[PDB]
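Novice:
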Amino acid sequence: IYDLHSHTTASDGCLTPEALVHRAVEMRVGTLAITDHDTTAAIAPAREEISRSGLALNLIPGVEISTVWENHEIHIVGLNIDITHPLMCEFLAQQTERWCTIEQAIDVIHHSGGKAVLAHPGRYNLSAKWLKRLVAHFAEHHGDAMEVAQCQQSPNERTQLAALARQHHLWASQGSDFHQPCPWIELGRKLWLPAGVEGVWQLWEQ
Ligand SMILES: [Mn+2]
Ligand SMILES: [Mn+2]
Ligand SMILES: [Mn+2]
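Taking full-length UniProt numbering, I'd label the letters of the sequence shown as residues 9 to 106, 177 to 284.
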């Protein structure tokens, strides 16, 4: 199971990086991305806990970047980024100082060696036509993937998003957006991709 969107006490999650990696293994998550808001501070302690505890969990370094597009707050997740790259650190420092554009987020992620993901597209409450414009804009500026699967989701939304991703030659991501234990969100829960779209992890696995 891949869960490529989660938070820790480094941003607005309630669990430490150490508690989260253990929760992921208990939930039978095989690959976990930590994607804290505008910080990578949880990655190094999470890796340390996986090693010290002998966990069989692949940690994907990630971040969730806050952007603005056409006056809408839009979140872009970077996956498999190099968290020590000076441009990434500078960019995140500018983010916590203050937003930036979608294209600017994508460029920093790519320069850091990662893949850019349009996060939770259904949450922006856009009409079908404006969601299409957002996705077309994201793809036009070299975005790589879009989150297709979430924990709380009608089957219709998931297949609509997968078709929208495929339409623009984007890969699909999946993530719980876990912040704290609660009824409606759990690490790995109900995350799978429908047929007709490939997972974003292909872009670094091969
Ligand atoms: Mn959050
Ligand atoms: Mn978000
Ligand atoms: Mn999030």
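Idealized CB from N, CA, C, for every residue including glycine.
Measuring straight from C-alpha to C-alpha, what distance separates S232 and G191?
Specialist: 33 Å
Novice: Is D46 near ligand 1, with its Cβ less than 7 Å from a heavy atom?
Specialist: no
Novice: Counting along the chain, where does the alpha helix (DSSP H) carrying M224 start and finish?
Specialist: Taken as a continuous stretch (DSSP letters only), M224 belongs to no alpha helix (DSSP H), being part of the beta strand (DSSP E) at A223 to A227.
Novice: Take the Cβ of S61 as the centre, count every other Cβ of all protein chains shown within 10 Å, and call the residue buried at 16 or more, exposed below.
Specialist: Under this definition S61 is an exposed residue.
Novice: Would the beta-carbon of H13 fall within 8 Å of that of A217?
Specialist: no
Novice: Closer than 7 Å to a non-hydrogen atom of ligand 2 - does that hold for the CB of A197?
Specialist: yes
Novice: Give the residues whose C-beta lies closer than 5 Å to at least one heavy atom of ligand 3, in chain order.
Specialist: Chain-ordered list of matching residues: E72 and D255.
Novice: Alpha carbon to alpha carbon, what distance is there between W270 and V85?
Specialist: 18 Å
Novice: Entirely within the stretch 11-43 and at least 3 residues each: give me those beta strand (DSSP E) ranges in chain order.
Specialist: 39-42
Novice: Considering just the uninterrupted stretch of the alpha helix (DSSP H) at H188, what are its terminal residues?
Specialist: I180 to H189
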